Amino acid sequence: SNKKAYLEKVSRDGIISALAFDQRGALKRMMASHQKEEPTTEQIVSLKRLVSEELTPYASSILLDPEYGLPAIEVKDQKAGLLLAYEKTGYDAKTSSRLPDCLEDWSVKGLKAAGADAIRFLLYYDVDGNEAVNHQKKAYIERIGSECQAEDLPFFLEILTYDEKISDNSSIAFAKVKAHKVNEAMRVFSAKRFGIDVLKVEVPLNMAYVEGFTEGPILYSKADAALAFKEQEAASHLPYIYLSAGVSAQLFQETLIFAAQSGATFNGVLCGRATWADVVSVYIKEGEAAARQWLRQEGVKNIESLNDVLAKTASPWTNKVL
């Protein structure tokens, strides 16, 4: 009922131009690289509060995590929608099952009360894997989907693909099956039983092996690459958006341009490190005030450039909901 009202609060002109900063494990790895000590709860909380304060005026919404991001919510722009992450971070590298789990302290009710306009759950999925594992996963998504129809909140399912016998996603071996993995997963979770409103997905290819985007060996010509984007768009009726996957800002913007040229009708992005990655080093080495002025200068032009590109490549989701 009010799913479109909430969806409108995280969009702008029917396009989701959202800033992602839910990173937890990844954030303390970035921080640890620039200092001798372990990253403190203070540091994580303060940085998130800082990024929220300074960049949310230029985003339609922000994605945050309940673990460190609750103080960030109150300093956020009044025009920005709010997405909250629901899942526990990471996965056990000693098995290939990578089962999903919700934060112990939370429910969609609780997340809604904290100010969420939409819920994000991150799922690792292998369409070709053990289907006892996949049975349990689908059952879990069913549970959360039901929660979101009861609480009347849009459900963002983020799908990160992998292969149970390939450890390295950046490998050539994985790049040869990624399109299949991504597209078929979208096709699976388009089923109404899961109650998903928006899919958050990666681009169907490894752009580092696409003609023109690499300066070395290629797996795909530009024609075959466009086919992958076409197959991805035919794979679902649901609105979908792209994650940046930690690429450079420039690579990301060119990928969106290529995708639009290929026929992809993506409905926005949830972009993180490609926008703000460099602020981490500045914050840790030169302090909070310096970090603030980096965000007021190079941060704003990162996100403005992204918005500039999005304005010419992204398609409104209004066309995909009657």
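Don't overthink the numbering: it's just position in the shown sequence, from 1.
Per the PDB entry, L251 shows the highest C-alpha temperature factor of the residues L238, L157, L251, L111. In the deposited entry, the Cα temperature factor of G129 places it in the middle third of its chain's modelled residues. Among the modelled residues of the chain, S167 sits in the highest third by CA temperature factor in this PDB entry. Ranked against the other modelled residues of its chain, the C-alpha B-factor of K178 as given in the entry falls in the lowest third.
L306 sits in the highest third of its chain by CA B factor, as recorded in the PDB entry. Among the modelled residues of the chain, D224 sits in the highest third by CA temperature factor in this PDB entry.
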